[PDB]
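Asks: this one's structure only:
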Ligand SMILES: Nc1ncnc2c1ncn2[C@@H]1O[C@H](COP(=O)(O)O)[C@@H](O)[C@H]1O
Ligand SMILES: Nc1ncnc2c1ncn2[C@@H]1O[C@H](COP(=O)(O)O)[C@@H](O)[C@H]1O
Ligand SMILES: Nc1ncnc2c1ncn2[C@@H]1O[C@H](COP(=O)(O)O)[C@@H](O)[C@H]1O
């Protein structure tokens, strides 16, 4: 690559080595396991670069990671892209068959896998062709990653290349035949960091991330860069605490003992934290959770506001950076009582800097922002995936009409608040994972005696939504719900179906509502059953 | 495309409309269903081109076909490539999950599916995204293909384009994680036709295909262009008989009633034909079967030679056109008795025109053709797939060292006869389908109590090879063969495993042979169990 | 050249070293002079490559050959193109001035000339500028070619280059001002070999060339690659006999003693062979002459059929590969008596694989194939010369309207038989050489007393056609035919006119038929005189 130093490229190395602030004695904490300053973190990143170079990782290679939220994942967020390689983040919560498919599709060269994820590998390790090396990670001195790092020097000259080289990739299981691969460049990640820092750092007094915070993620960190927050924290040079496996009690202990002030999670985790008996004698009045999983319910928001938690909601998705919207309260709205506060904080929010976010109908006609008309959201931003990896038709359907199609139906108020009414599909979302209703319909239709199977979604608190199934039996056929539940469970036991179908809650009916054309009225069915 | 008429492009339309011979009143026979001359066949091809154009099929589209050997498949072999589209041939004998994977990978626009293959579709139809239209085929006047054709004119001006545009694609399930996609161009298919016609038409008196033959395939016709034979027959303008579903009695009736003289099959089908009671009072002394499935056994060859059948063997594979080698007997060898004849006719044969076929060791060192030294076969020819579709690492391993790696270990005599000794892997091949030993090993290792599972292959006549499994039980564990057989069968019942594992024949042992390094001695195990 | 081994190039080296069959102990016979197997032939080709490289022949050079049909010419057909050089084949039957013109036009670097062609060189050797070396060939151990070969090793690594590099060139004296240069590429020659092998090898029982034949050419071998037959024979690995100079008695002796079964000649040579007294006590019932010079007469065909000779006719020309058409008899026509057989075998035949061959009028309007309407033949094939070397206007007239214009007027039957009625010009063809009527007209018009000279052609058996001249004398002028015959002969004695004018047969007349416009009615004159 011809440098031309006057021509500046936006790279992740500039994010690490040209931060907003850098205190060499600020800490990085891995829960009750490890602690080390920022200077040793930089040294470790350079050592990891040396180790990867020794392993034979070139500028076009892919390194896949499968582990929990820890300092090692933070080191991988930086070392692998800075060498010019591609970081493939594996969703450990997918079924083994889907995990194997994503590994084969991405063509990973090296795999860094945690010890306790080894069983999942053991039932797919035979069918993996591209992988040359496995590095097994442990939480003790026995870790292979740690032994690899300590054989290397803390010196390394990181290359400079084009800012449009791909940095990260991960696979979204949004309803389709197979998982789809998204990817982002160095430029896009740097611009996402800068834009969101501009948006949420400049807020007057509420819901701001600044250089005095202490950050602890509660998002799995293989889900779209942990909403980009680990990159931002490193940019601000703040104390970072990584909990590892999510356990409510140890999480609360970390919050108390480390004085965490900024976190992000999904509604289920927040509900679990609030329902824990250990969370009654704690001081929560310094904490700034951002809820972005799905549809922060107003009841949970009110329950959190009485604990003195600055809870606000945000909107994004796998294809969008992810962050697209955040709720910011004006100083007049900061003095409303708890009910109106809960109503405002549970909206999807206003769009962030450099985002367009129109609302459109099926003919690509921009609807008015009158506050009640609904349509699909279409966006333009500096950090959107241009297409799906190794895909053409779905890529064209993603960017139809010159805009990125989110797949969510919402209405936009006069001031700019966005409220998502539904999806453009009849799909379910159990907790933070995607599950397809059509696939469950087919699996249940493969039963011995089934007339019509239609799967709809019903709301929930510990899960957000449950995949209700409605089955009509054949002539003189009588099978209990246990039979069909076990039949569906058998598929999950083979690694075909994700574990989120373990609470399917099937229901036997005899009449199926159908439209004038005859299509199953899933909205009417939801209002019925 | 700029034509430049002086610049000649090798296209399949030139194969259809510039044949070696064209008799407008020669017949095309679909067994007991339909008969029509070559003139109506040309008219039907033009009508099918018109119908595909009306459906919106452009020059880059893919049309997938899923049916039996019939006149419709022959029409698809010509119409779809001539329009410039790509013909994806679906292997109906793969598991539904593999079929769905191949459909999604190839991104088919239209699917032409037979009526009796509908159930397989019904359990994957939900997870198909790219397909816009299904055409259901039947053997009566109710067929949708027939109704589509009769609404169109018999006039069409076929385009001329570059000869390097892709014509056909199909997926090989040779041992890997997922099926691999091969593809060929118009030029490659035309050159394969011309080269094999030159090789087998110029033979003096034995095993030749000429303009007076009557041709009937017994290869499924979705397996690598039916060895290219339907293209050759059309070039020679000979009578063609298509049997449909392979049933030994109806096949024998067609052979007798239509006076078939040239066919190709795999050893299993030939064994079934010879073992049929209807095949004792028939005159087989005009028939020229080519056996190319795998390792034509000498006993079957002798049994066929006593019926006055000109049986000879050939060698090819999915990546190679397929044809690479054919056995041709010199007039001195035509007077040997039945035993030496059977020995010679069962070899893999000499290479065909324009084929190189060296024998090499693991360091790419060309071994001598002394007749006993063995090595892997590496080939160069005008009709080899340049790589696997949407694949990089396996593509590089396929063409390592500038030659195509077959994966078969053989030795070459002084005169040029090739004899395949084994594979470069421990893989099984039940009848004409590929089955992976490693995947079965993993599935069985997922059992409640298993110590070591190793799968080897043992020979057979009705199947060619059976996938023997050797399982060592855990401490104080005793499970019968029925348990493990049913456990494996359950996976097949879910569409995960191919039906060729229904004769696994597991075996319980307590000692596993291991090398000095410790690897399971699969050859020693085969000699043991 | 960048090889890219997956990208296959069609080269003549692949024709020699990847044949249909290769028997190392098959013979090559040079009549009563030399015999050597195929292994020594390959060694000799490599030695000749080494010698040419030593002489300084690069990839763009031209080597010209002037000798008889022998093993050396066969070696030149392979060695020179395989080195990447261009083989210029000199027509030794042209006048010395025309030979010199072709040598200067082609710009040959080296000339390989036979001893007995030395006198022709001696009267033009002064005016040759480009030539650097002459190699004199003899039929004994004194030959310079033989001495050059034996100083070299039998090892050589032949290059691989683009398949569109020119391989051969030769000059056609079809009626024009000067001879025109045609040329073909490696790809075109390989495709001509494959296509004609497919066409004539797949015939059922009549007129087929197969691997058991013994081949002996009777075409001068500098006339358009000897119709491509030496390349085909080498591909089949058959015994090849080269007679040298054509003498009927030695040719018959070779046929008898070597058991020749396949040959090609022009009608004059066949007539001479049949009229020889030595040809009355011979067994001709194994021989398969192909007659392709011009218009095989039915009387000669009948006379040959009574000797049990499989005589059939073919059609081609210098610009067309040459082969365009061959007569193939269906098994129903094989049982007709001698008269209908003679009628069928004397037609020009049906077109070969990959040939289009329309019939057209002067406005490029495709006439119907009703069997009586006549028009010029226009062709498309994979082995046509794209243009004339170093020529623009004649090149454009050759490919006018997107088709190659043959210059022959024919009609095409319903089944596809082509019958050539005449030429599009008033040109003569004495035996196998072209002679221009306009040039003879001018030469005779240069006489002391001439009013109108018009040259027409009349048929013949020992010559096929004689160049009749009709001369009208001036007022009170009386010169005998001897005077004008000697005047014309004087020009031939100076090397200006070809020797085919030695039987001009001038005729003195007084009235010239003229059309309504006034043009000489050459057809009416032919019916008159
Ligand atoms: N703040 C939110 N409010 C409502 N739905 C949300 C919110 N954040 C995410 N979602 C939903 O969760 C989905 C994320 O799925 P994905 O990123 O594609 O893996 C989005 O497409 C939304 O439908
Ligand atoms: N004539 C033969 N003799 C031995 N093995 C054969 C023969 N024809 C095919 N095979 C085997 O069958 C395989 C075909 O598998 P494929 O074409 O990849 O789908 C080849 O790779 C060979 O291993
Ligand atoms: N089988 C044939 N029947 C009639 N004319 C022929 C036949 N073969 C060649 N010719 C004629 O001989 C000519 C060959 O001249 P050329 O190849 O240009 O040197 C052709 O153009 C035809 O006119």
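Replies: Alright, I've got the coordinates. Numbering: from 1, shown residues only, chains lettered A, B, ... in the order given. Ligands and ions are numbered 1, 2, ... in the order given.

Asks: Quick check: phi and psi on the residue most central in space within chain A?
Replies: Most central in chain A under C-alpha atoms, centre = their mean is residue A:223, positioned 3.1 Å from the mean C-alpha point. Note on residue A:223: its backbone torsions stand at phi -100, psi 100 [degrees, to the nearest 10].

Asks: Residue A:432 is in contact with that one, correct?
Replies: Yes: under the criterion of C-beta atoms under 8 Å, residue A:223 makes contact with residue A:432 at 7.2 Å. To be clear about C-beta, it is placed using only N, CA and C from the backbone, and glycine gets the same treatment.

Asks: Return the distance of residue A:76 relative to ligand 2.
Replies: 39 Å (C-beta to the nearest ligand atom, to the nearest Å).

Asks: for residue A:224, same thing?
Replies: Here residue A:224 is placed at a distance of 40 Å from ligand 2 (C-beta to the nearest ligand atom).

Asks: Leaving out the residues flanking it, which one is nearest to that residue?
Replies: With C-beta to C-beta, 6 or more residues apart in numbering or on different chains as the criterion, residue A:224 has its nearest non-adjacent residue at 4.4 Å, and that residue is residue A:322.

Asks: give the contact list for that neighbour.
Replies: A:224-225, A:227-228, A:292, A:316 (C-beta atoms under 8 Å, 6 or more residues apart in numbering or on different chains).

Asks: Inside strands: which ones of the residues you listed?
Replies: If you go by DSSP state E, the contacts of residue A:322 have residue A:316 in strands.

Asks: helix, strand or coil for the residue lying farthest from the centre of chain A?
Replies: Of all residues in chain A, residue A:476 has its C-alpha farthest from the mean position, at 46.3 Å, by C-alpha atoms, centre = their mean. Following DSSP: H, G, I helix; E, B strand; the rest coil, we place residue A:476 in the coil state.

Asks: What sits closest to residue A:149 if chain neighbours are left out?
Replies: residue A:47 (4.6 Å).

Asks: what two of the contacts of residue A:322 have the greatest distance between them?
Replies: Taking C-beta to C-beta as the measure, the contacts of residue A:322 span a maximum distance of 12.5 Å, between A:225 and A:292.

Asks: related to what we said a few turns ago, near ligand 1, which of the contacts of residue A:322 show up?
Replies: A:292, A:316 (C-beta under 6 Å from any ligand atom).

Asks: Using JSON lines, lay out the contacts of residue A:322 together with neighbour count and distance to residue C:468.
Replies: What follows is the contacts of residue A:322, written out as JSON lines (neighbours: other C-beta atoms under 10 Å in any protein chain shown; distance: C-beta to C-beta, whole Å):
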{"residue": "A:224", "neighbour count": "23", "distance to residue C:468": "94"}
{"residue": "A:225", "neighbour count": "24", "distance to residue C:468": "95"}
{"residue": "A:227", "neighbour count": "22", "distance to residue C:468": "100"}
{"residue": "A:228", "neighbour count": "22", "distance to residue C:468": "98"}
{"residue": "A:292", "neighbour count": "25", "distance to residue C:468": "102"}
{"residue": "A:316", "neighbour count": "19", "distance to residue C:468": "96"}
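
Asks: Could you point out the member of the contacts of residue A:322 that lies closest to ligand 1?
Replies: Using C-beta to the nearest ligand atom, residue A:292 comes nearest to ligand 1 of those, at 4.9 Å.

Asks: so how far is residue A:311 from the closest one?
Replies: According to C-beta to C-beta, to the nearest Å, residue A:292 stands 11 Å off from residue A:311.

Asks: Looks like residue A:426 contacts residue A:521 (just checking).
Replies: No: if you go by C-beta under 8 Å, residue A:426 and residue A:521 don't touch, sitting 10.6 Å apart.

Asks: Comparing the two, which residue is more hemmed in?
Replies: Neighbour count, other C-beta atoms under 10 Å in any protein chain shown: between residue A:426 and residue A:521, residue A:426 has more, with 20 against 15.

Asks: what helix or strand does the more buried one sit in?
Replies: Using DSSP states H and E, residue A:426 maps to neither a helix nor a strand.

Asks: And for residue A:13?
Replies: Here residue A:13 is assigned to helix A:12-17, by DSSP H and E.

Asks: next helix or strand past that helix?
Replies: Note on helix A:12-17: by DSSP H and E, the next helix or strand toward the C-terminus is strand A:27-30.

Asks: what about residue A:27, how many neighbours?
Replies: Other residues within reach of residue A:27 by the criterion other C-beta under 10 Å amount to 16.

Asks: go on, the one 4 residues further on?
Replies: Other residues near residue A:31 come to 22 when the count uses other C-beta under 10 Å.

Asks: wait, what's in contact with it?
Replies: Residue A:31 neighbours (C-beta under 8 Å, 6+ apart): A:241-244, A:250, A:254.

Asks: Enumerate the residues of the stretch 101-250 of chain A near chain B.
Replies: Applying C-beta under 8 Å from any C-beta of the partner chain, we find that the stretch 101-250 of chain A lies next to chain B at A:101, A:104, A:107, A:122-130, A:176-178.

Asks: Keep only those of those that are in helices.
Replies: A:101, A:104, A:122 (DSSP state H).

Asks: returning to that earlier point: and which of the contacts of residue A:322 is nearest ligand 2?
Replies: residue A:224 (39.8 Å).

Asks: ok, that closest one touching residue A:293?
Replies: No: with contact defined as C-beta under 8 Å, residue A:224 does not count as touching residue A:293 (11.8 Å).

Asks: Next, format the ones in helices among the residues of the stretch 101-250 of chain A next to chain B as CSV and append neighbour count and distance to residue A:378.
Replies: Below are those laid out as CSV (neighbours: other C-beta under 10 Å; distance: C-beta to C-beta, whole Å):
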residue, neighbour count, distance to residue A:378
A:101, 20, 29
A:104, 20, 33
A:122, 13, 44
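
Asks: closest to ligand 2 among those residues?
Replies: Once C-beta to the nearest ligand atom is applied, the member of these that ends up nearest ligand 2 is residue A:104, at 18.8 Å.

Asks: show me the contacts for the closest residue to the closest one other than its chain neighbours.
Replies: Nearest in space to residue A:104, with sequence neighbours left out and distances taken as C-beta to C-beta, 6+ apart, is residue B:177 at 4.8 Å. Residue B:177 makes contact with A:100, A:104, A:127-129, according to C-beta under 8 Å, 6+ apart.

Asks: ditto for residue A:22
Replies: Residues counted as contacts of residue A:22 (C-beta under 8 Å, 6+ apart) are A:38, A:237.

Asks: which residue does the stretch 351-500 of chain A bring closest to ligand 3?
Replies: Closest residue of the stretch 351-500 of chain A to ligand 3, C-beta to the nearest ligand atom: residue A:392 (51.5 Å).

Asks: so that residue sits right up against residue B:105, yeah?
Replies: No: look at residue A:392 against residue B:105 with C-beta under 8 Å: they stay out of range, at 11.7 Å.

Asks: who's more crowded, these two?
Replies: Legend: neighbour count by other C-beta under 10 Å for residue A:392 and residue B:105, higher for residue B:105 (22 against 12).

Asks: Who does the closest residue to that one other than its chain neighbours form a beta bridge with?
Replies: Residue nearest to residue B:105 in three dimensions, not counting chain neighbours: residue B:181, with 6.4 Å by C-beta to C-beta, 6+ apart. On the basis of DSSP bridges, residue B:181 takes part in beta bridges with residue B:171.

Asks: Now do the contacts for residue B:181.
Replies: B:102, B:105-106, B:169-171, B:388-391.

Asks: most surrounded residue in those?
Replies: Among the contacts of residue B:181, the one with the most neighbours (other C-beta under 10 Å) is residue B:171, at 26 neighbours.

Asks: any idea how far it lies from ligand 3?
Replies: 50 Å.

Asks: Verify the stated contact: that residue with residue B:179.
Replies: Yes: here residue B:171 lies in contact with residue B:179, judged by C-beta under 8 Å, at a distance of 3.9 Å.

Asks: All good on my end, thank you.
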